[PDB]
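Student: Structure file model_22.cif, mmCIF, C-alpha atoms and all ligand atoms; chains and numbers go by the auth columns, is pasted below:
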data_work
#
loop_
_atom_site.group_PDB
_atom_site.id
_atom_site.type_symbol
_atom_site.label_atom_id
_atom_site.label_comp_id
_atom_site.label_asym_id
_atom_site.label_seq_id
_atom_site.Cartn_x
_atom_site.Cartn_y
_atom_site.Cartn_z
_atom_site.B_iso_or_equiv
_atom_site.auth_seq_id
_atom_site.auth_asym_id
ATOM 1 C CA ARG A 1 -23.496 99.444 9.548 0.00 17 A
ATOM 2 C CA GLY A 2 -25.906 97.599 7.268 0.00 18 A
ATOM 3 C CA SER A 3 -23.829 94.613 6.153 0.00 19 A
ATOM 4 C CA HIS A 4 -25.349 91.822 4.077 0.00 20 A
ATOM 5 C CA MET A 5 -22.699 89.524 5.563 0.00 21 A
ATOM 6 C CA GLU A 6 -23.945 90.152 9.107 0.00 22 A
ATOM 7 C CA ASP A 7 -27.556 89.331 8.229 0.00 23 A
ATOM 8 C CA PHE A 8 -26.467 86.217 6.328 0.00 24 A
ATOM 9 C CA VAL A 9 -24.378 85.029 9.287 0.00 25 A
ATOM 10 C CA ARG A 10 -27.349 85.571 11.591 0.00 26 A
ATOM 11 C CA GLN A 11 -29.680 83.694 9.224 0.00 27 A
ATOM 12 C CA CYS A 12 -27.289 80.792 8.546 0.00 28 A
ATOM 13 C CA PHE A 13 -25.720 79.853 11.885 0.00 29 A
ATOM 14 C CA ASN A 14 -27.359 78.697 15.093 0.00 30 A
ATOM 15 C CA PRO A 15 -28.294 81.581 17.439 0.00 31 A
ATOM 16 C CA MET A 16 -26.210 80.233 20.320 0.00 32 A
ATOM 17 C CA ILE A 17 -23.205 79.802 18.013 0.00 33 A
ATOM 18 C CA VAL A 18 -23.697 83.408 16.885 0.00 34 A
ATOM 19 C CA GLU A 19 -23.812 84.554 20.515 0.00 35 A
ATOM 20 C CA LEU A 20 -20.619 82.635 21.313 0.00 36 A
ATOM 21 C CA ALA A 21 -18.814 84.100 18.297 0.00 37 A
ATOM 22 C CA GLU A 22 -20.002 87.581 19.280 0.00 38 A
ATOM 23 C CA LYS A 23 -18.752 87.123 22.845 0.00 39 A
ATOM 24 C CA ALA A 24 -15.388 85.809 21.613 0.00 40 A
ATOM 25 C CA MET A 25 -14.893 88.718 19.208 0.00 41 A
ATOM 26 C CA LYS A 26 -15.952 91.255 21.852 0.00 42 A
ATOM 27 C CA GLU A 27 -13.523 89.695 24.330 0.00 43 A
ATOM 28 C CA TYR A 28 -10.759 89.939 21.713 0.00 44 A
ATOM 29 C CA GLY A 29 -11.771 93.535 20.934 0.00 45 A
ATOM 30 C CA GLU A 30 -13.333 93.140 17.484 0.00 46 A
ATOM 31 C CA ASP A 31 -16.582 94.530 16.092 0.00 47 A
ATOM 32 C CA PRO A 32 -18.862 91.801 14.659 0.00 48 A
ATOM 33 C CA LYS A 33 -20.754 94.496 12.733 0.00 49 A
ATOM 34 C CA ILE A 34 -17.527 95.748 11.109 0.00 50 A
ATOM 35 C CA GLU A 35 -15.391 92.589 10.820 0.00 51 A
ATOM 36 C CA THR A 36 -18.238 90.685 9.205 0.00 52 A
ATOM 37 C CA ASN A 37 -15.906 88.295 7.375 0.00 53 A
ATOM 38 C CA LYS A 38 -14.195 87.485 10.674 0.00 54 A
ATOM 39 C CA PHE A 39 -17.666 87.089 12.204 0.00 55 A
ATOM 40 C CA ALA A 40 -18.552 84.451 9.606 0.00 56 A
ATOM 41 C CA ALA A 41 -15.156 82.797 10.093 0.00 57 A
ATOM 42 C CA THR A 42 -15.536 82.587 13.884 0.00 58 A
ATOM 43 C CA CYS A 43 -19.057 81.177 13.554 0.00 59 A
ATOM 44 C CA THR A 44 -17.847 78.574 11.046 0.00 60 A
ATOM 45 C CA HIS A 45 -14.915 77.585 13.259 0.00 61 A
ATOM 46 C CA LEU A 46 -17.196 77.230 16.285 0.00 62 A
ATOM 47 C CA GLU A 47 -19.719 75.129 14.350 0.00 63 A
ATOM 48 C CA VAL A 48 -16.974 72.876 12.983 0.00 64 A
ATOM 49 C CA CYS A 49 -15.541 72.388 16.478 0.00 65 A
ATOM 50 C CA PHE A 50 -19.004 71.498 17.793 0.00 66 A
ATOM 51 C CA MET A 51 -19.634 69.008 14.976 0.00 67 A
ATOM 52 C CA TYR A 52 -16.191 67.501 15.614 0.00 68 A
ATOM 53 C CA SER A 53 -16.966 67.045 19.312 0.00 69 A
ATOM 54 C CA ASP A 54 -20.329 65.556 18.301 0.00 70 A
ATOM 55 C CA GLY A 55 -18.442 62.700 16.651 0.00 71 A
ATOM 56 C CA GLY A 56 -16.958 59.836 18.605 0.00 72 A
ATOM 57 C CA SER A 57 -17.890 58.453 21.989 0.00 73 A
ATOM 58 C CA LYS A 58 -19.881 60.275 24.660 0.00 74 A
ATOM 59 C CA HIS A 59 -16.903 61.098 26.916 0.00 75 A
ATOM 60 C CA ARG A 60 -14.197 61.224 24.242 0.00 76 A
ATOM 61 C CA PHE A 61 -13.732 64.984 23.876 0.00 77 A
ATOM 62 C CA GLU A 62 -13.302 67.873 26.286 0.00 78 A
ATOM 63 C CA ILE A 63 -14.387 71.048 24.485 0.00 79 A
ATOM 64 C CA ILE A 64 -12.064 74.033 24.926 0.00 80 A
ATOM 65 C CA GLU A 65 -13.308 76.234 22.088 0.00 81 A
ATOM 66 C CA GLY A 66 -16.387 78.237 23.014 0.00 82 A
ATOM 67 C CA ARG A 67 -15.496 78.907 26.638 0.00 83 A
ATOM 68 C CA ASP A 68 -14.090 82.256 27.685 0.00 84 A
ATOM 69 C CA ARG A 69 -10.310 82.580 27.786 0.00 85 A
ATOM 70 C CA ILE A 70 -9.889 82.281 31.562 0.00 86 A
ATOM 71 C CA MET A 71 -12.079 79.189 31.964 0.00 87 A
ATOM 72 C CA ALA A 72 -10.662 77.641 28.785 0.00 88 A
ATOM 73 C CA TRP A 73 -7.126 78.012 30.130 0.00 89 A
ATOM 74 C CA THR A 74 -8.342 76.599 33.454 0.00 90 A
ATOM 75 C CA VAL A 75 -9.660 73.447 31.767 0.00 91 A
ATOM 76 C CA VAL A 76 -6.417 73.166 29.788 0.00 92 A
ATOM 77 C CA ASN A 77 -4.396 73.399 33.011 0.00 93 A
ATOM 78 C CA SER A 78 -6.645 70.785 34.629 0.00 94 A
ATOM 79 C CA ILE A 79 -6.204 68.395 31.699 0.00 95 A
ATOM 80 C CA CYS A 80 -2.436 68.913 31.768 0.00 96 A
ATOM 81 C CA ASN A 81 -2.207 68.339 35.528 0.00 97 A
ATOM 82 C CA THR A 82 -4.481 65.296 35.233 0.00 98 A
ATOM 83 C CA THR A 83 -2.963 63.434 32.279 0.00 99 A
ATOM 84 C CA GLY A 84 0.544 64.926 32.120 0.00 100 A
ATOM 85 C CA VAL A 85 0.557 66.182 28.526 0.00 101 A
ATOM 86 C CA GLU A 86 2.779 69.207 27.963 0.00 102 A
ATOM 87 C CA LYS A 87 0.972 72.519 28.324 0.00 103 A
ATOM 88 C CA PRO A 88 0.481 74.186 24.919 0.00 104 A
ATOM 89 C CA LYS A 89 1.661 77.739 24.381 0.00 105 A
ATOM 90 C CA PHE A 90 -1.561 78.538 22.487 0.00 106 A
ATOM 91 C CA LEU A 91 -5.165 77.794 23.397 0.00 107 A
ATOM 92 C CA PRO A 92 -6.305 74.661 21.511 0.00 108 A
ATOM 93 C CA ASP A 93 -9.844 73.717 20.470 0.00 109 A
ATOM 94 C CA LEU A 94 -10.495 70.222 21.864 0.00 110 A
ATOM 95 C CA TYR A 95 -8.880 67.486 23.922 0.00 111 A
ATOM 96 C CA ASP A 96 -9.154 63.841 22.848 0.00 112 A
ATOM 97 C CA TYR A 97 -9.260 61.638 25.945 0.00 113 A
ATOM 98 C CA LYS A 98 -9.066 58.502 23.784 0.00 114 A
ATOM 99 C CA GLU A 99 -5.858 59.491 21.978 0.00 115 A
ATOM 100 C CA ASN A 100 -4.875 61.711 24.946 0.00 116 A
ATOM 101 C CA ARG A 101 -3.901 64.787 22.962 0.00 117 A
ATOM 102 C CA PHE A 102 -4.955 68.355 22.253 0.00 118 A
ATOM 103 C CA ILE A 103 -6.741 69.033 18.956 0.00 119 A
ATOM 104 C CA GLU A 104 -6.413 72.303 17.030 0.00 120 A
ATOM 105 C CA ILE A 105 -9.177 72.569 14.418 0.00 121 A
ATOM 106 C CA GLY A 106 -8.721 75.004 11.549 0.00 122 A
ATOM 107 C CA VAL A 107 -10.928 76.049 8.649 0.00 123 A
ATOM 108 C CA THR A 108 -9.260 77.558 5.583 0.00 124 A
ATOM 109 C CA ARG A 109 -10.396 79.274 2.399 0.00 125 A
ATOM 110 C CA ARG A 110 -7.120 78.499 0.597 0.00 126 A
ATOM 111 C CA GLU A 111 -5.249 75.210 0.174 0.00 127 A
ATOM 112 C CA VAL A 112 -5.113 73.059 3.310 0.00 128 A
ATOM 113 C CA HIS A 113 -1.349 72.619 2.864 0.00 129 A
ATOM 114 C CA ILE A 114 -0.401 76.260 3.462 0.00 130 A
ATOM 115 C CA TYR A 115 -2.832 76.582 6.379 0.00 131 A
ATOM 116 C CA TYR A 116 -1.493 73.460 8.094 0.00 132 A
ATOM 117 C CA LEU A 117 2.059 74.705 7.456 0.00 133 A
ATOM 118 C CA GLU A 118 1.377 78.005 9.224 0.00 134 A
ATOM 119 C CA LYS A 119 -0.302 76.184 12.112 0.00 135 A
ATOM 120 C CA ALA A 120 2.556 73.696 12.532 0.00 136 A
ATOM 121 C CA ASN A 121 5.012 76.602 12.492 0.00 137 A
ATOM 122 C CA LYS A 122 2.926 78.404 15.127 0.00 138 A
ATOM 123 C CA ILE A 123 2.481 75.480 17.526 0.00 139 A
ATOM 124 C CA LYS A 124 5.855 74.351 18.878 0.00 140 A
ATOM 125 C CA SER A 125 4.850 71.619 21.351 0.00 141 A
ATOM 126 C CA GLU A 126 4.257 69.226 18.401 0.00 142 A
ATOM 127 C CA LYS A 127 2.248 66.994 20.756 0.00 143 A
ATOM 128 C CA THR A 128 -0.909 68.940 19.830 0.00 144 A
ATOM 129 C CA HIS A 129 -2.843 67.298 17.004 0.00 145 A
ATOM 130 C CA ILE A 130 -3.828 69.511 14.066 0.00 146 A
ATOM 131 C CA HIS A 131 -6.890 68.817 11.913 0.00 147 A
ATOM 132 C CA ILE A 132 -7.592 71.254 9.070 0.00 148 A
ATOM 133 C CA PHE A 133 -10.676 71.451 6.853 0.00 149 A
ATOM 134 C CA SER A 134 -11.319 73.584 3.784 0.00 150 A
ATOM 135 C CA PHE A 135 -14.336 75.064 2.034 0.00 151 A
ATOM 136 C CA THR A 136 -13.531 72.898 -1.013 0.00 152 A
ATOM 137 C CA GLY A 137 -14.051 69.602 0.826 0.00 153 A
ATOM 138 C CA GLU A 138 -10.443 68.703 1.659 0.00 154 A
ATOM 139 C CA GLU A 139 -8.893 67.848 5.011 0.00 155 A
ATOM 140 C CA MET A 140 -5.478 67.181 6.534 0.00 156 A
ATOM 141 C CA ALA A 141 -4.663 65.731 9.952 0.00 157 A
ATOM 142 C CA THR A 142 -1.412 65.114 11.797 0.00 158 A
ATOM 143 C CA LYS A 143 0.320 61.777 11.118 0.00 159 A
ATOM 144 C CA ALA A 144 -2.599 60.970 8.766 0.00 160 A
ATOM 145 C CA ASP A 145 -4.563 60.329 11.992 0.00 161 A
ATOM 146 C CA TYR A 146 -7.972 61.883 11.292 0.00 162 A
ATOM 147 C CA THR A 147 -9.300 60.868 14.737 0.00 163 A
ATOM 148 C CA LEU A 148 -12.976 60.628 13.767 0.00 164 A
ATOM 149 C CA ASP A 149 -14.788 58.266 11.424 0.00 165 A
ATOM 150 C CA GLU A 150 -15.199 59.123 7.753 0.00 166 A
ATOM 151 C CA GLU A 151 -18.886 60.063 8.088 0.00 167 A
ATOM 152 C CA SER A 152 -18.374 62.577 10.904 0.00 168 A
ATOM 153 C CA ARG A 153 -15.790 64.409 8.801 0.00 169 A
ATOM 154 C CA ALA A 154 -17.795 64.053 5.578 0.00 170 A
ATOM 155 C CA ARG A 155 -20.805 65.817 7.094 0.00 171 A
ATOM 156 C CA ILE A 156 -18.453 68.603 8.220 0.00 172 A
ATOM 157 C CA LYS A 157 -17.097 69.052 4.696 0.00 173 A
ATOM 158 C CA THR A 158 -20.658 68.977 3.339 0.00 174 A
ATOM 159 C CA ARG A 159 -21.706 71.739 5.739 0.00 175 A
ATOM 160 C CA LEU A 160 -18.637 73.802 4.814 0.00 176 A
ATOM 161 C CA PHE A 161 -19.438 73.552 1.111 0.00 177 A
ATOM 162 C CA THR A 162 -23.082 74.423 1.781 0.00 178 A
ATOM 163 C CA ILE A 163 -21.955 77.565 3.619 0.00 179 A
ATOM 164 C CA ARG A 164 -19.677 78.428 0.698 0.00 180 A
ATOM 165 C CA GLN A 165 -22.538 77.901 -1.766 0.00 181 A
ATOM 166 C CA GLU A 166 -24.886 80.155 0.210 0.00 182 A
ATOM 167 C CA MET A 167 -22.186 82.827 0.490 0.00 183 A
ATOM 168 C CA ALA A 168 -21.626 82.733 -3.278 0.00 184 A
ATOM 169 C CA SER A 169 -25.370 82.813 -3.975 0.00 185 A
ATOM 170 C CA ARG A 170 -25.566 85.958 -1.842 0.00 186 A
ATOM 171 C CA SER A 171 -22.523 87.320 -3.750 0.00 187 A
ATOM 172 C CA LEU A 172 -20.416 87.474 -0.578 0.00 188 A
ATOM 173 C CA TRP A 173 -18.024 84.558 -1.161 0.00 189 A
ATOM 174 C CA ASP A 174 -15.473 86.634 -3.090 0.00 190 A
ATOM 175 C CA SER A 175 -14.830 89.123 -0.285 0.00 191 A
ATOM 176 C CA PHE A 176 -14.878 86.303 2.273 0.00 192 A
ATOM 177 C CA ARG A 177 -12.166 84.438 0.351 0.00 193 A
ATOM 178 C CA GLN A 178 -10.129 87.628 -0.086 0.00 194 A
ATOM 179 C CA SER A 179 -10.420 88.400 3.641 0.00 195 A
ATOM 180 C CA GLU A 180 -8.148 85.508 4.653 0.00 196 A
HETATM 181 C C1 LIG B . -2.787 84.625 19.726 0.00 201 A
HETATM 182 O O1 LIG B . -3.580 84.044 18.711 0.00 201 A
HETATM 183 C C2 LIG B . -4.106 82.781 19.053 0.00 201 A
HETATM 184 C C3 LIG B . -5.175 82.694 19.948 0.00 201 A
HETATM 185 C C4 LIG B . -5.697 81.451 20.285 0.00 201 A
HETATM 186 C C5 LIG B . -6.888 81.354 21.287 0.00 201 A
HETATM 187 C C6 LIG B . -8.240 81.821 20.700 0.00 201 A
HETATM 188 N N1 LIG B . -8.273 81.690 19.228 0.00 201 A
HETATM 189 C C7 LIG B . -8.426 80.380 18.603 0.00 201 A
HETATM 190 O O2 LIG B . -8.519 79.401 19.271 0.00 201 A
HETATM 191 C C8 LIG B . -8.462 80.274 17.055 0.00 201 A
HETATM 192 N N2 LIG B . -8.353 81.480 16.247 0.00 201 A
HETATM 193 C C9 LIG B . -8.389 81.388 14.748 0.00 201 A
HETATM 194 C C10 LIG B . -8.265 82.704 13.907 0.00 201 A
HETATM 195 C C11 LIG B . -7.839 83.862 14.869 0.00 201 A
HETATM 196 C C12 LIG B . -8.823 84.711 15.362 0.00 201 A
HETATM 197 C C13 LIG B . -8.488 85.756 16.228 0.00 201 A
HETATM 198 C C14 LIG B . -7.149 85.950 16.604 0.00 201 A
HETATM 199 C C15 LIG B . -6.157 85.100 16.115 0.00 201 A
HETATM 200 C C16 LIG B . -6.480 84.054 15.252 0.00 201 A
HETATM 201 C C17 LIG B . -5.340 83.150 14.745 0.00 201 A
HETATM 202 F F1 LIG B . -4.158 83.615 15.244 0.00 201 A
HETATM 203 F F2 LIG B . -5.517 81.864 15.177 0.00 201 A
HETATM 204 F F3 LIG B . -5.277 83.176 13.377 0.00 201 A
HETATM 205 N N3 LIG B . -8.536 80.070 14.080 0.00 201 A
HETATM 206 C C18 LIG B . -8.646 78.855 14.886 0.00 201 A
HETATM 207 O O3 LIG B . -8.763 77.805 14.347 0.00 201 A
HETATM 208 C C19 LIG B . -8.611 78.942 16.392 0.00 201 A
HETATM 209 O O4 LIG B . -8.717 77.788 17.187 0.00 201 A
HETATM 210 C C20 LIG B . -5.154 80.297 19.739 0.00 201 A
HETATM 211 C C21 LIG B . -4.082 80.386 18.840 0.00 201 A
HETATM 212 C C22 LIG B . -3.563 81.628 18.502 0.00 201 A
HETATM 213 O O5 LIG B . -2.485 81.719 17.598 0.00 201 A
HETATM 214 MN MN MN B . -9.710 77.647 19.678 0.00 202 A
HETATM 215 MN MN MN B . -8.886 76.320 15.793 0.00 203 A
#
Can the structure in the file be given as structure tokens, please?
Ligand SMILES: COc1cc(CCNC(=O)c2nc(Cc3ccccc3C(F)(F)F)[nH]c(=O)c2O)ccc1O
Ligand SMILES: [Mn+2]
Ligand SMILES: [Mn+2]

Tutor:
Amino acid sequence: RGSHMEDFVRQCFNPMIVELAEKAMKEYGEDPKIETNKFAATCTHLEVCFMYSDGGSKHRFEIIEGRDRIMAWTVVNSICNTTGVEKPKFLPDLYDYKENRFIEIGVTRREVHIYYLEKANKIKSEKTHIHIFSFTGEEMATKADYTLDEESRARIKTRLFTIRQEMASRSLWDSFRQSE
């Protein structure tokens, strides 16, 4: 199907990020040409996770998001057997070696409060850190511990708002906001 959203996602995001989002959606049994809003969402989430890992020290983060499910769970099991942190019931996004905790990164189109509430209700181990961003420039982290420096998060919010602006300029932001 000829979707403007698909072409915009391919023009906006990095090709390797697009390939990773495509592989993730195909592994989860979703059509990137049909679920174009979910395609944009997966690309955005991947890019935000990569920018997050880009912040901090060189060996600070172990990246779980992006890998296929089997290898991702393998790295999670290795981290749990190495450090001793409780195994999470759901696949997280990163692991902070400095703070020694799993990080779940979320990107929302609504208020960060509701999104964080749903995520804290989903995750039951509580030991997993949750860091939520929004397309309006807001953020919320567990225990007010935002992990990274202010600049590394500020560039993330800037990129999110740029993506929102481009979506609105292409007249696709309304359906993308209604999709969530
Ligand atoms: C069983 O469902 C889950 C699967 C996973 C492992 C892989 N998916 C993510 O890692 C992840 N997916 C999403 C959005 C999404 C997209 C597809 C299905 C379900 C969901 C969610 F349910 F999350 F809305 N947003 C994240 O930020 C994000 O990290 C983790 C937690 C889950 O509850
Ligand atoms: Mn994830
Ligand atoms: Mn996430």

Student: Have a look at A:155, A:127, A:63, A:102 and name the one nearest to ligand MN 202 (chain A); count all atoms listed in the file.

Tutor: A:63

Student: Atom CA of residue A:25 and atom CA of residue A:196, how far apart in Å?

Tutor: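 These atoms are spaced 16.9 Å apart.
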
Student: Residues picked by the PyMOL selection byres (((chain A and resi 57) around 10) and not hetatm) here, as a PDB file with C-alpha atoms, keeping the file's coordinate frame?

Tutor:
ATOM      1  CA  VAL A  25     -24.378  85.029   9.287  1.00  0.00           C
ATOM      2  CA  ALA A  37     -18.814  84.100  18.297  1.00  0.00           C
ATOM      3  CA  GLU A  51     -15.391  92.589  10.820  1.00  0.00           C
ATOM      4  CA  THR A  52     -18.238  90.685   9.205  1.00  0.00           C
ATOM      5  CA  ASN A  53     -15.906  88.295   7.375  1.00  0.00           C
ATOM      6  CA  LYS A  54     -14.195  87.485  10.674  1.00  0.00           C
ATOM      7  CA  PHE A  55     -17.666  87.089  12.204  1.00  0.00           C
ATOM      8  CA  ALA A  56     -18.552  84.451   9.606  1.00  0.00           C
ATOM      9  CA  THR A  58     -15.536  82.587  13.884  1.00  0.00           C
ATOM     10  CA  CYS A  59     -19.057  81.177  13.554  1.00  0.00           C
ATOM     11  CA  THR A  60     -17.847  78.574  11.046  1.00  0.00           C
ATOM     12  CA  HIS A  61     -14.915  77.585  13.259  1.00  0.00           C
ATOM     13  CA  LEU A  62     -17.196  77.230  16.285  1.00  0.00           C
ATOM     14  CA  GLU A  63     -19.719  75.129  14.350  1.00  0.00           C
ATOM     15  CA  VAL A 123     -10.928  76.049   8.649  1.00  0.00           C
ATOM     16  CA  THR A 124      -9.260  77.558   5.583  1.00  0.00           C
ATOM     17  CA  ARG A 125     -10.396  79.274   2.399  1.00  0.00           C
ATOM     18  CA  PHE A 192     -14.878  86.303   2.273  1.00  0.00           C
ATOM     19  CA  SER A 195     -10.420  88.400   3.641  1.00  0.00           C
ATOM     20  CA  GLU A 196      -8.148  85.508   4.653  1.00  0.00           C
TER      21      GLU A 196
END

Student: Spell out the residues picked by the PyMOL selection byres (((chain A and resi 95) around 12) and not hetatm) here, as a PyMOL selection string.

Tutor: chain A and resi 77-80+88-94+96-104+108+110-113+116-118

Student: With all atoms listed in the file as the atoms that count, which of A:67, A:34, A:119, A:157 lies nearest to residue A:131?

Tutor: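 Answer, going by the shortest atom-to-atom distance: A:157.
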
Student: List every residue of chain A that has an atom at most 6 Å from any atom of ligand LIG 201 (chain A), giving for each one its closest atom pair and the distance in Å to one decimal, counting all atoms listed in the file, sorted by chain and then by ascending residue number, as JSON lines.

Tutor:
{"residue": "A:106", "atom": "CA", "partner": "A:LIG201", "partner_atom": "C21", "distance": 4.8}
{"residue": "A:107", "atom": "CA", "partner": "A:LIG201", "partner_atom": "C20", "distance": 4.4}
{"residue": "A:108", "atom": "CA", "partner": "A:LIG201", "partner_atom": "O2", "distance": 5.7}
{"residue": "A:109", "atom": "CA", "partner": "A:LIG201", "partner_atom": "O4", "distance": 5.3}
{"residue": "A:120", "atom": "CA", "partner": "A:LIG201", "partner_atom": "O4", "distance": 6.0}
{"residue": "A:121", "atom": "CA", "partner": "A:LIG201", "partner_atom": "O3", "distance": 5.3}
{"residue": "A:122", "atom": "CA", "partner": "A:LIG201", "partner_atom": "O3", "distance": 4.0}

Student: Counting all atoms listed in the file, which residues have an atom no more than 10 Å from (-11.8, 60.5, 17.2) in the file's coordinates? Please list them as a ChimeraX atom specification.

Tutor: /A:68-73,76-77,112-115,161-165,168
